[PDB]
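*Asks:* Have a look at the structure that comes next, please.
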Amino acid sequence: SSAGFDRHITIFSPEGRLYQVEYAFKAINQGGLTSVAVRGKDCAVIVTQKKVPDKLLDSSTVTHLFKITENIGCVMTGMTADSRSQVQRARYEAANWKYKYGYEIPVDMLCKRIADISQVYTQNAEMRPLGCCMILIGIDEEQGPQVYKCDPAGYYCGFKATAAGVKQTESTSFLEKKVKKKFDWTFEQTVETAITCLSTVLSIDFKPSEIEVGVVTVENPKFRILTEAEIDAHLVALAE
Amino acid sequence: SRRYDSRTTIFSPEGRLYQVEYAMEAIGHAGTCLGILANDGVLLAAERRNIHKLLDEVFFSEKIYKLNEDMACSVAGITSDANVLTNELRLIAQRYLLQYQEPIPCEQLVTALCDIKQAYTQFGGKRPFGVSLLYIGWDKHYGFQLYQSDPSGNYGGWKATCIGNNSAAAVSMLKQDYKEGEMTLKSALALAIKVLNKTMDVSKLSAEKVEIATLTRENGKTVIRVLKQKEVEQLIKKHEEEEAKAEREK
Amino acid sequence: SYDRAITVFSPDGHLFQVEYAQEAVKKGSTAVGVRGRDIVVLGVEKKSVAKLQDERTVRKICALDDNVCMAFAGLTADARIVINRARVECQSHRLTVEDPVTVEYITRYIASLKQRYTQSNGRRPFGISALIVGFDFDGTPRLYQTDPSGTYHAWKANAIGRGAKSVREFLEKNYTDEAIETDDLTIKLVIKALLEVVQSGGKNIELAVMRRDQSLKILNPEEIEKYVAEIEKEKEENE
Amino acid sequence: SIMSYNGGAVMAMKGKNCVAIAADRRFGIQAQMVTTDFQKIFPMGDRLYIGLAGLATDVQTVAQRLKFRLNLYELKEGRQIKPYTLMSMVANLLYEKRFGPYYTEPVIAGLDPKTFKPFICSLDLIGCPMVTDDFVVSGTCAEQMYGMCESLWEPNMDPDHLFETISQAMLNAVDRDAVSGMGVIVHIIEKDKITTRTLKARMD
Amino acid sequence: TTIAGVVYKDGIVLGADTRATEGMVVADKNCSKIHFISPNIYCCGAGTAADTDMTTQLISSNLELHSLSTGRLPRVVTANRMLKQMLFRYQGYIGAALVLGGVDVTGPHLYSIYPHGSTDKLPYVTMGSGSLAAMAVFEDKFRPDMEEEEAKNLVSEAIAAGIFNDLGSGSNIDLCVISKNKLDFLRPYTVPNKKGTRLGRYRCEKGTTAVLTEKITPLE
Amino acid sequence: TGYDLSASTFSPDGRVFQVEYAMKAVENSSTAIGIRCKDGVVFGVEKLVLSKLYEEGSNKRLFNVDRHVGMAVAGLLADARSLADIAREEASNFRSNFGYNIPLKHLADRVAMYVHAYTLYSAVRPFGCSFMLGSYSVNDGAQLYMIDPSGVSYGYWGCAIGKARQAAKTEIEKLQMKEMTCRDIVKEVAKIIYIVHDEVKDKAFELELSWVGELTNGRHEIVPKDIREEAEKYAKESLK
Amino acid sequence: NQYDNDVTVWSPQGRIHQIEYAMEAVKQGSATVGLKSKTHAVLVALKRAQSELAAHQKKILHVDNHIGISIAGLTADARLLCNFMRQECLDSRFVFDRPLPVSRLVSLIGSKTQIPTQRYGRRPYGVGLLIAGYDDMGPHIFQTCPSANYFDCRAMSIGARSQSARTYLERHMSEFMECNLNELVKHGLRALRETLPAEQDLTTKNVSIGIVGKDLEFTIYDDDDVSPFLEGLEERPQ
Amino acid sequence: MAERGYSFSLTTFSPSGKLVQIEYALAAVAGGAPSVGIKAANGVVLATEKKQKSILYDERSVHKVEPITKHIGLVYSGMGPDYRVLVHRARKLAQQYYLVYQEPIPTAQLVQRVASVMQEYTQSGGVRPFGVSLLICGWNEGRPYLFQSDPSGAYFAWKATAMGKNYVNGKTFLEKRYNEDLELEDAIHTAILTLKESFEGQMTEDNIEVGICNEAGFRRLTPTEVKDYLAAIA
Ligand SMILES: CC(C)C[C@@H](C=O)NC(=O)[C@H](CC(C)C)NC(=O)[C@H](CC(C)C)NC(=O)OCc1ccccc1
């Protein structure tokens, strides 16, 4: 259903649907990448696929995992430039929260603040809605490990396990069955469940270099990006 | 950008303002609002709309508002625009009272809101305020007065007028049965009930379906009393009694 | 705020919006103005009294200052803003350069405001053409007309509104040297133009004449009827 | 002292079901009296009265500015202002100008709108509220008024007694202050009626 | 004003006197100097009464708004950082010296906030005119880790020294005790000084005053 | 069509067409190649001379953005000069605010964020340039980054921009960039440009070469004329 | 068609149409020629007259003692840029007490021209200039297009029928460095002669010659002063 | 770089005279998940149906029923992000009233102020009208008050109302009951029943979010309490 420029700008349409926001969701899938996150009893793990098309690109520079704060880390799925901008805005908002309020931002709040910035982009024309989705992992006292996802539309929710990118209907279902009988995964199990879910949906059986894993643990709150060798040890263990 | 812009204020080739005319049509869809002026007092009666059973009815008359101690208004049109205008009217009256310690006369209040309504048509590429409201008030300068303000910003001082859904029919009955120079608010109230019965398609003019407010000067104080449902009920019965008497004559 | 030009030149070289604004004046009620040797006179028509409506609120003749007075044909709302703006300038002219306001100055001010709306971005042009009639310190009566575009021309006699062309032709043909004179005859010339007005109601036409040495006085309806009776007597004399 | 330039005195007291507000009627610049009828108690509604004493320009500006706000509140919310709410509204008005204070010290003495429990309050120029259950005095002769009030107030007083106690306290106290005096007006508010009286005073 | 605070094992007890003096005359005999920043946090204010009351209300409002968005009990660090940043911006023009005590997830905390925007976190803090006198009680009788009763007795004794040893401080003692499981505010915790009874009746019989003019207005 | 008019509009497919059209302008530009050697970065630009009357150095596409940073530009030259000015300014602000020369990783990100901002709004057009920034520092080592009109900044061991981008990168991949000495790398850069020039598609061109490295002591500098010319001689000899 | 309306819009072929249309404005303009020698720079211009009674519009406008700008495009646009250039040279003299380097001024001129060609609403400037200057580096001639791309040129021509001038300047470019001021103007007026339609000929009224050099501050020689430079010319080879 | 942005209203009067964009926003409210509000004599009950698409989502993280202030709560039908922007705005307005008057905001006042923000979007330029309709509830002066604000900004006080999918059926179901003589809030059961009539697979403590405002104040019912009410729901 189309009225006037309903599909050309972020204005309501017959059936009360923001077509431009729906187009933005397609943008995240436009980049050929997928990311998965799993929350365990004591740790939260984020995994992404890193594809280096040409050897000349430095592997270190091509990362879709960024550190918002010492205790909070994120995986960005979508257009790279737009995602890098959302990373800077999140980093700034956390620094302000610490300065103004005296305590590090709760991971729940960082998602709402980035989502609130996103909703205005939909509300006011002259700003494109944005084409990046961010998943945030952090340990919050009395909440345990937490994983949160912010949609381009500005939707936010808490996520025990989730995925975003080209193939996510398959990823959510594969995780949903595993979530049904998880019985609280251990740190190795959480890395294994995330890596296996990505391996099956992509059907690549990827080697350690091809993927990036970042984990936050109750024992070690600081967000850590696993080295390829550390990823390999987990990768061989699932392979066995 | 120009492509995503609505002209709003641009003149038609004919020379009329298209958006203002369209706003006038919205006032036509809204519920009936009628005012009759009598020497003893000026009265505003309007028809309540969407009277679903579950509504609380705790707003002490949604259609009627008290702008000042000596002035009141009822509005037909988009409710959101009305709320903005009714608040603005109250501020303009108060600002006059502070600058000159005397109540705003009446036409001054109507002109001041009218200036704002015209300004929206004049410039800013912004939607006009699609509301038309009748003002009933008393002033030392010219006694009881009644005014109607259009969305365009033009205003009038009609002794009797209706701005609701059946305005053309109501005005025709009012012109024929209004007796110039004859007061008695009671006669004006009866005329209002008769106009309401013609304007409202629903028969019996149920008391809940109608709201009546009368502005009268008592002991030099100006009292904007709102008729209770029981007072409205007795009035409807009196109109029915007159209709019954005509049936007896037939 | 909104910053785009509402009026832009069309390929024919004409500002289309200004022509459309003039069309609004054409739809406006007719207004007639003449200047007497000592008494300036202006009149309005199409009162269209609805009986319930009150005439004082709808009056289309106003005094901007003691020296000057104005009549408007066109969108009623736009005129109320222009009249109040002129009233402020006339009092402001006294606060600065202390003295009364010359009639030409007030017409230039009203014209400049009207021109500025055409030469401004985001604002639709005013839809009112006005007849400003006043007496200067010299005491010469002056009448001027302001276009919606913003051009002022001095006029000894002129009319604006619906059927302005017919009244204008009648005024030039019926115009008498000595400006009729006798005061009553100058008022009668407007009354004859009012008869020339399509409604020809009599009571429906309302006119106000300024002595030009005193203050603007609205003709009483009975007083206007007596002047209409003088015109009717002249019609009987013509028969 | 800006406060003593125009002079002034206001006192309020609490009774069994009544509240009393009183003020000196003198208006003067320096030592020269100008008028004997200046209004310092301005009604803020039925059963609520506010008394402002201080620079006369401020006494008038605050009462006028408060009425503008009260009238809009009463229209937006149908209920008459509660006495406690009015005190907060005045304190907001006084604080908005904390850096350049209005030189007035308002005393509010009204019964509650629905229940009828007496409320007496006094405020500083900056805007600190001081609800009390006995008496509030805010004038150039504040100390003299306090001494009489402390020694004359009784816990529960019928309207007649409250009037004698406020009348004697203002009259005796105003006499010992040179820049205030020239008559006292007592407005005693009870639910049935509002009684306003002018007391015989030394016009010296 | 004597405002005193102590951190006792479980929580913080905050005490203040109840007298406001304009010039050298007692305007208020019962002014509450303990204010509700939040359910878990309370503050004591000494300084301009208007500044202390207004500064507390803004922080309480911002914390209540923060708590509704956060969904969790507010931290005393948040209140203190908010208060210090506002007071620093005003550069001492807003004259409020505030003793902030609250029990948070982290544990019981006490801070002293000065008008220029400087804050010190300490086990015992006293601010106001009678502050030096209360600090003498605190230095002599403070022992780390105390039972609720022992702390309450210490805070009341500190305020009493200020009430009896400072002309500015006076009136009743008010004490608010905050703990992780309970918050207790006793507005008239102690009433050390009472006005004496009046020996002679001074009541004025009706007709002892003269009315030049009288009017009666019927109401409703 | 009708979704390509503004950069504030997402296509139903999920892309900003206006950014893609801007990238097309970069493709139209002549090739500029940058290679990261063992000690520094070398950039060579193929600038065809439209008119013989130009006196040389006209429309130079190599800019010394900061003492230690230099940029090679492909795209509308006018857009590039503006970007270099933003880069020169961002570097100056860092030295004034923090007291040391800006890290190249930060400069590329800060300039890239500016390029990204233009895409989000209808009011400003997306940038039409894809410059490359290269810096050598003893503390952080030689770094090369390329920022495209979208705002994406990726570290490259070797990179090319423009019409002959595919041909140049293929020739670049054969070179052993990680171990080659910078003076040796210059002759290779000259050869790659001479091969990808096209000869008859474009008129005679002038080779512009820049050196940032240990030899230049950490200062971006134009290659000395004696080091050049011999490099041109090798390139002409190698092609034949 | 839709793409042609604004600078902000980019074509599917990635070329900005409004910039190209602004480029055309320079082409619909009087031809101007600039040449440089080792010590002096000359900017001959062909003034065009609307009517025989009307005076030819002035093309060469003095910016500072060391710099003069020819114009080939909308005159009002040139005045806005020329005002900016006079101001920029004045500020350099005021703070640094030295003449602004000519190349540095051309750089500032481009940055000002780029900002309109990008932002919405604002229109591309539409004037082509041929700045001439002398500085420590020496004589300079710089062409500026509405695209905001400056070009440092030893010789140049801009406007209608300019191609013929470019061909002559290119064929004789080698002779320019080693020649006296009279010869440099003589090659430059010969270049204007090619731009002129064959039936029309160079006359004192239609030609303006401006010279800046090591010992010469910018001088806009015109009218009778132009006559010695015009004299000694070989007859036009028609 | 574009600064404030468009200054021209995106909502304009139709030839008929009804604003088209506000009507489209109403469609989103109707398309929204079902939300039911019932005011009982002791207190208002607000019930909404939250069905997360997958077990992966944590229901506890986001609350559709939110407390604006101690005595005022809001439920929404329509786009979720817009409701969060209104909820933050309403909390700010309620606190600003408290700071000025030192009394909790009257329930009706919050609705008018929230509605005025909603109207501003319709008249103001660039911004689309809000797509959310709220059912604010409060307990001021003892009497419970339930109000609904539409995207246009018109506010109506309802003893009972429902918005979202099958709102008309919900309104009729409430019309059949809702005697309004229920001194106790046994309307918590009726609100569960009205959502149940249009509920999909099942009603569980996770599926329904219920918030009750009583003399004590607005409290979101605990998941255990929702289970107790869902259990033995007639
Ligand atoms: C919370 C407070 C009641 C604490 C109390 C004691 O410190 N504060 C005070 O007593 C201070 C004065 C003090 C700093 C000497 N304030 C006051 O004494 C009075 C309050 C009573 C008259 C009701 N407030 C007041 O207006 O002070 C006068 C003033 C006027 C302008 C600027 C600064 C101070």
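Here, A, B, ... name the chains of the structure tokens in the order displayed, residue numbers run from 1 inside each chain, and ligands are numbered from 1 in the same displayed order.
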May I ask you to write as number ranges by chain all residues lying at most 9 Å from ligand 1, with only C-alpha atoms and all ligand atoms counted?

*Replies:* D: 98-99, 101, 122-130; E: 1-2, 17-28, 31-34, 44-53, 95-96, 128-130, 168-169

*Asks:* Sorted by chain and rising residue number, list the residues of chain E at most 12 Å from chain H (counting only C-alpha atoms), each with its closest atom pair and distance in Å to one decimal, as a tab-separated table.

*Replies:*
```
residue	atom	partner	partner_atom	distance
E:53	CA	H:99	CA	10.9
E:54	CA	H:99	CA	8.7
E:55	CA	H:99	CA	10.8
E:56	CA	H:99	CA	10.5
E:57	CA	H:99	CA	6.8
E:58	CA	H:99	CA	7.3
E:59	CA	H:99	CA	10.6
E:60	CA	H:95	CA	9.6
E:61	CA	H:95	CA	6.0
E:62	CA	H:95	CA	8.3
E:63	CA	H:95	CA	10.5
E:64	CA	H:95	CA	8.4
E:65	CA	H:91	CA	6.7
E:66	CA	H:91	CA	10.0
E:67	CA	H:69	CA	10.8
E:68	CA	H:67	CA	7.4
E:69	CA	H:88	CA	7.9
E:70	CA	H:61	CA	11.3
E:71	CA	H:67	CA	10.1
```

*Asks:* Residues of chain H were defined as contacting chain B if any atom lay at most 7 Å from it, counting only C-alpha atoms; please report them as a list in words.

*Replies:*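 Every residue meeting the condition is included here: residues 8, 9, 12, 13, 14, 15, 16, 17, 18, 119, 123, 125, 152, 153, 154, 157, 158, 159 and 160 of chain H.
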
*Asks:* Limited to C-alpha atoms, could you put the picked residues into a file as a PDB file, in the first residue's frame?

*Replies:*
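What follows is the written file result_9.pdb:
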```pdb
ATOM      1  CA  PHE H   8       7.241  22.116   6.914  1.00  0.00           C
ATOM      2  CA  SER H   9       4.462  19.944   8.414  1.00  0.00           C
ATOM      3  CA  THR H  12      -1.772  18.551   5.825  1.00  0.00           C
ATOM      4  CA  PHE H  13      -5.597  18.893   5.591  1.00  0.00           C
ATOM      5  CA  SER H  14      -7.297  16.675   2.940  1.00  0.00           C
ATOM      6  CA  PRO H  15      -9.900  18.113   0.477  1.00  0.00           C
ATOM      7  CA  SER H  16     -12.424  16.374   2.812  1.00  0.00           C
ATOM      8  CA  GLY H  17     -10.783  18.096   5.823  1.00  0.00           C
ATOM      9  CA  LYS H  18      -9.459  15.015   7.699  1.00  0.00           C
ATOM     10  CA  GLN H 119      -0.136  17.121  19.046  1.00  0.00           C
ATOM     11  CA  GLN H 123       1.531  20.332  13.532  1.00  0.00           C
ATOM     12  CA  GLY H 125       7.465  20.080  10.429  1.00  0.00           C
ATOM     13  CA  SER H 152      -3.589  13.048  17.205  1.00  0.00           C
ATOM     14  CA  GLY H 153      -3.433  14.127  20.873  1.00  0.00           C
ATOM     15  CA  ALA H 154      -7.142  13.894  21.726  1.00  0.00           C
ATOM     16  CA  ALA H 157     -11.363   9.263  30.078  1.00  0.00           C
ATOM     17  CA  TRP H 158     -12.573   5.614  29.924  1.00  0.00           C
ATOM     18  CA  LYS H 159     -13.939   3.387  32.750  1.00  0.00           C
ATOM     19  CA  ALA H 160     -12.884   0.552  30.404  1.00  0.00           C
TER      20      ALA H 160
END
```

*Asks:* Residues of chain E that have any atom at most 7 Å from an atom of chain D: could you tabulate them with the shortest-distance atom pair and the distance in Å to one decimal, using only C-alpha atoms, ordered by chain and increasing number, as a Markdown table?

*Replies:*
```
| residue | atom | partner | partner_atom | distance |
| --- | --- | --- | --- | --- |
| E:28 | CA | D:130 | CA | 6.9 |
| E:49 | CA | D:128 | CA | 6.0 |
| E:50 | CA | D:128 | CA | 4.6 |
| E:202 | CA | D:152 | CA | 6.2 |
| E:203 | CA | D:152 | CA | 6.5 |
| E:204 | CA | D:164 | CA | 6.4 |
| E:206 | CA | D:164 | CA | 6.6 |
| E:209 | CA | D:164 | CA | 6.6 |
| E:210 | CA | D:200 | CA | 5.5 |
| E:211 | CA | D:199 | CA | 4.6 |
| E:212 | CA | D:200 | CA | 5.4 |
| E:213 | CA | D:198 | CA | 5.2 |
| E:214 | CA | D:197 | CA | 4.2 |
| E:215 | CA | D:196 | CA | 5.4 |
| E:216 | CA | D:195 | CA | 4.7 |
| E:217 | CA | D:194 | CA | 5.2 |
| E:218 | CA | D:193 | CA | 4.6 |
| E:219 | CA | D:193 | CA | 4.8 |
```

*Asks:* Residues of chain F were defined as contacting chain H if any atom lay at most 12 Å from it, counting only C-alpha atoms; please report them as a tab-separated table (two decimals) with N, CA, C and O atoms, in the first residue's frame.

*Replies:*
```tsv
chain	number	residue	atom	x	y	z
F	8	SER	N	19.29	10.30	1.62
F	8	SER	CA	18.50	10.06	2.85
F	8	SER	C	17.48	8.98	2.53
F	8	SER	O	16.59	8.75	3.36
F	114	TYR	N	33.77	11.87	9.05
F	114	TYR	CA	33.27	13.08	8.34
F	114	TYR	C	32.68	12.65	6.99
F	114	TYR	O	31.58	13.11	6.64
F	115	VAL	N	33.37	11.76	6.28
F	115	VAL	CA	32.90	11.31	4.94
F	115	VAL	C	31.56	10.60	5.14
F	115	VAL	O	30.65	10.81	4.32
F	116	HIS	N	31.44	9.81	6.20
F	116	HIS	CA	30.19	9.05	6.48
F	116	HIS	C	29.03	10.01	6.72
F	116	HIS	O	27.92	9.71	6.24
F	117	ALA	N	29.27	11.13	7.40
F	117	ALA	CA	28.17	12.04	7.78
F	117	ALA	C	27.43	12.54	6.55
F	117	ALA	O	26.20	12.65	6.61
F	118	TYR	N	28.15	12.81	5.47
F	118	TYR	CA	27.50	13.39	4.27
F	118	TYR	C	26.43	12.44	3.72
F	118	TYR	O	25.39	12.93	3.24
F	119	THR	N	26.68	11.14	3.77
F	119	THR	CA	25.73	10.14	3.22
F	119	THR	C	24.40	10.17	3.96
F	119	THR	O	23.38	10.00	3.30
F	120	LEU	N	24.39	10.37	5.27
F	120	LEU	CA	23.13	10.28	6.06
F	120	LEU	C	22.08	11.32	5.69
F	120	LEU	O	20.89	11.02	5.87
F	121	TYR	N	22.46	12.51	5.22
F	121	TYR	CA	21.48	13.61	5.05
F	121	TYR	C	21.15	13.97	3.61
F	121	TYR	O	22.03	13.86	2.74
F	122	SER	N	19.89	14.37	3.37
F	122	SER	CA	19.46	14.84	2.03
F	122	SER	C	20.15	16.16	1.68
F	122	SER	O	20.43	16.38	0.49
F	123	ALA	N	20.37	17.02	2.68
F	123	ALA	CA	20.93	18.37	2.43
F	123	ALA	C	22.33	18.31	1.81
F	123	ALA	O	22.58	19.07	0.88
F	124	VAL	N	23.20	17.43	2.27
F	124	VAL	CA	24.59	17.49	1.72
F	124	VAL	C	24.87	16.26	0.84
F	124	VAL	O	24.44	15.16	1.22
F	125	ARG	N	25.52	16.47	-0.30
F	125	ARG	CA	25.81	15.36	-1.25
F	125	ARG	C	26.89	14.44	-0.68
F	125	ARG	O	27.73	14.92	0.08
F	126	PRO	N	26.90	13.12	-1.00
F	126	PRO	CA	27.98	12.24	-0.56
F	126	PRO	C	29.30	12.66	-1.23
F	126	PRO	O	29.25	13.16	-2.33
```

*Asks:* Counting only C-alpha atoms, what is within 9 Å of residue 41 (chain C), bar same-chain residues fewer than 4 positions away, as number ranges by chain?

*Replies:* C: 32-36, 133, 186-187, 190, 207-211

*Asks:* The selected residues should be written to file as a compact mmCIF listing (two decimals), in the first residue's frame (atoms: C-alpha atoms).

*Replies:*
```txt
# COMPACT_ATOMS: atom_id res chain seq x y z
CA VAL C 32 -15.53 53.61 -3.15
CA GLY C 33 -13.40 56.68 -2.28
CA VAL C 34 -13.63 60.33 -3.51
CA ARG C 35 -11.85 63.48 -2.29
CA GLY C 36 -14.00 66.60 -1.69
CA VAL C 133 -7.95 58.98 2.69
CA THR C 186 -19.62 64.99 -2.56
CA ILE C 187 -21.32 62.44 -0.22
CA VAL C 190 -20.47 58.29 -3.44
CA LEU C 207 -20.29 55.06 4.04
CA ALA C 208 -18.18 57.22 6.40
CA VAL C 209 -16.92 60.74 5.52
CA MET C 210 -14.08 62.60 7.26
CA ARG C 211 -14.45 66.43 7.56
```

*Asks:* With DSSP run on the backbone, what are the helix (DSSP H, G or I) residues within region 16-230 of chain G? I'd like them as an NGL selection string.

*Replies:* :G and (17-27 or 75-96 or 102-114 or 162-171 or 173-176 or 181-195 or 223-230)

*Asks:* Mind listing as a list in words which residues of chain G are within 12 Å of chain H, counting only C-alpha atoms?

*Replies:*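 Therefore, the residues near the partner are residues 118, 119, 120 and 121 of chain G.
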
*Asks:* Limited to C-alpha atoms, could you put the picked residues into a file as a tab-separated table (two decimals), in the first residue's frame?

*Replies:*
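The result, stored in again-v2.tsv:
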```tsv
chain	number	residue	atom	x	y	z
G	118	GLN	CA	27.83	20.13	-2.31
G	119	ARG	CA	25.45	21.84	0.15
G	120	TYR	CA	21.73	21.79	-0.83
G	121	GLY	CA	20.07	24.98	-2.15
```

*Asks:* Can you list, as JSON, numbers by chain, every protein, DNA or RNA residue that comes within 9 Å of residue 211 (chain F) when you count only C-alpha atoms, leaving out same-chain residues fewer than 5 positions away?

*Replies:* {"F": [40, 41, 42, 43, 70, 182, 183, 186, 216, 219, 220, 221, 222, 223, 224]}

*Asks:* For residue 81 (chain E), work out the shell of residues within 10 Å, counting only C-alpha atoms and skipping chain neighbours fewer than 3 positions away, then give it as a list in words.

*Replies:*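 Contacts, in chain order: residues 98, 99, 100, 101, 102 and 103 of chain A; 76, 77, 78, 84, 85, 86, 113, 117 and 119 of chain E.
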
*Asks:* Output N, CA, C and O atoms for every residue in that selection, as a compact mmCIF listing (two decimals), in the first residue's frame.

*Replies:*
```txt
# COMPACT_ATOMS: atom_id res chain seq x y z
N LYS A 98 29.51 7.51 32.95
CA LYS A 98 30.45 7.35 34.07
C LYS A 98 30.72 8.73 34.66
O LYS A 98 30.68 8.85 35.89
N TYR A 99 30.97 9.72 33.81
CA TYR A 99 31.34 11.06 34.34
C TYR A 99 30.16 11.68 35.09
O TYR A 99 30.35 12.16 36.22
N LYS A 100 28.99 11.67 34.47
CA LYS A 100 27.82 12.31 35.08
C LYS A 100 27.29 11.53 36.28
O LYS A 100 26.93 12.19 37.27
N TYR A 101 27.24 10.20 36.21
CA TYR A 101 26.57 9.41 37.28
C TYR A 101 27.56 8.71 38.22
O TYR A 101 27.11 8.27 39.29
N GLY A 102 28.83 8.59 37.85
CA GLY A 102 29.84 8.04 38.77
C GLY A 102 29.99 6.53 38.73
O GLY A 102 30.89 6.03 39.42
N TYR A 103 29.18 5.82 37.95
CA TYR A 103 29.33 4.35 37.80
C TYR A 103 29.29 3.97 36.32
O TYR A 103 28.66 4.68 35.55
N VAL E 76 24.63 6.33 45.82
CA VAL E 76 25.02 7.62 46.47
C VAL E 76 26.09 8.28 45.60
O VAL E 76 26.16 9.51 45.59
N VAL E 77 26.88 7.50 44.88
CA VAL E 77 27.87 8.12 43.96
C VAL E 77 27.11 8.98 42.96
O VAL E 77 27.60 10.08 42.66
N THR E 78 25.96 8.51 42.46
CA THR E 78 25.23 9.29 41.43
C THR E 78 24.78 10.60 42.05
O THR E 78 25.02 11.64 41.45
N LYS E 84 27.77 17.70 43.17
CA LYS E 84 29.07 18.41 43.10
C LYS E 84 29.16 19.18 41.78
O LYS E 84 29.66 20.31 41.80
N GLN E 85 28.71 18.58 40.69
CA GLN E 85 28.83 19.25 39.37
C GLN E 85 27.93 20.50 39.34
O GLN E 85 28.38 21.53 38.81
N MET E 86 26.72 20.43 39.91
CA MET E 86 25.85 21.63 39.95
C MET E 86 26.50 22.72 40.81
O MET E 86 26.60 23.86 40.33
N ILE E 113 29.50 17.52 51.18
CA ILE E 113 29.55 18.34 49.94
C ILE E 113 29.60 19.81 50.35
O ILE E 113 28.69 20.24 51.07
N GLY E 117 31.86 23.14 45.57
CA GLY E 117 31.85 21.94 44.71
C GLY E 117 32.88 20.90 45.08
O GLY E 117 33.25 20.10 44.21
N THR E 119 33.93 17.63 47.55
CA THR E 119 33.28 16.59 48.38
C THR E 119 34.33 15.67 49.00
O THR E 119 35.27 15.30 48.29
```

*Asks:* Show me, as a PyMOL selection string, the residues of chain F whose atoms get within 7 Å of chain G, using only C-alpha atoms for the distance check.

*Replies:* chain F and resi 5-6+18+21-22+24-25+53-55+58-59+77-78+82+123-125

*Asks:* Between H:107, H:124, H:35, H:222, single out the one closest to chain D, counting only C-alpha atoms.

*Replies:*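 Looking at the shortest contact to chain D, the residue is H:107.
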
*Asks:* As a VMD selection string, list the residues of region 116-210 of chain F assigned to strand (DSSP E or B) by DSSP on the backbone atoms of this structure.

*Replies:* chain F and resid 124 129 132 to 135 143 to 147 153 to 156 158 to 161 205 to 210

*Asks:* State, in Å with one decimal place, the distance from CA of residue 79 (chain G) to CA of residue 13 (chain C).

*Replies:*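 That distance, rounded to one decimal, is 26.0 Å.
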
*Asks:* Counting only C-alpha atoms, which residue out of B:141, B:175, B:90, B:95 sits closest to chain C?

*Replies:* B:175

*Asks:* If we count only C-alpha atoms and set the cut-off at 7 Å, which residues sit around residue 108 (chain F), ignoring sequence neighbours fewer than 5 positions away in its own chain? Please answer as a list in words.

*Replies:*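 Contacts, with the query itself left out: residues 133, 145 and 153 of chain F.
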
*Asks:* Report as a tab-separated table: every residue of chain C with an atom at most 7 Å from chain B, its closest pair of atoms, and their distance in Å to one decimal, counting only C-alpha atoms, with rows sorted by chain and ascending residue number.

*Replies:*
```
residue	atom	partner	partner_atom	distance
C:1	CA	B:124	CA	6.5
C:2	CA	B:124	CA	5.3
C:6	CA	B:10	CA	6.6
C:17	CA	B:11	CA	6.5
C:20	CA	B:15	CA	4.9
C:21	CA	B:15	CA	5.9
C:23	CA	B:15	CA	5.4
C:24	CA	B:15	CA	4.9
C:52	CA	B:159	CA	5.2
C:53	CA	B:158	CA	3.9
C:54	CA	B:157	CA	5.2
C:57	CA	B:157	CA	5.8
C:58	CA	B:156	CA	6.6
C:76	CA	B:154	CA	6.4
C:77	CA	B:154	CA	5.1
C:122	CA	B:123	CA	5.8
C:123	CA	B:123	CA	4.4
C:124	CA	B:10	CA	5.8
```
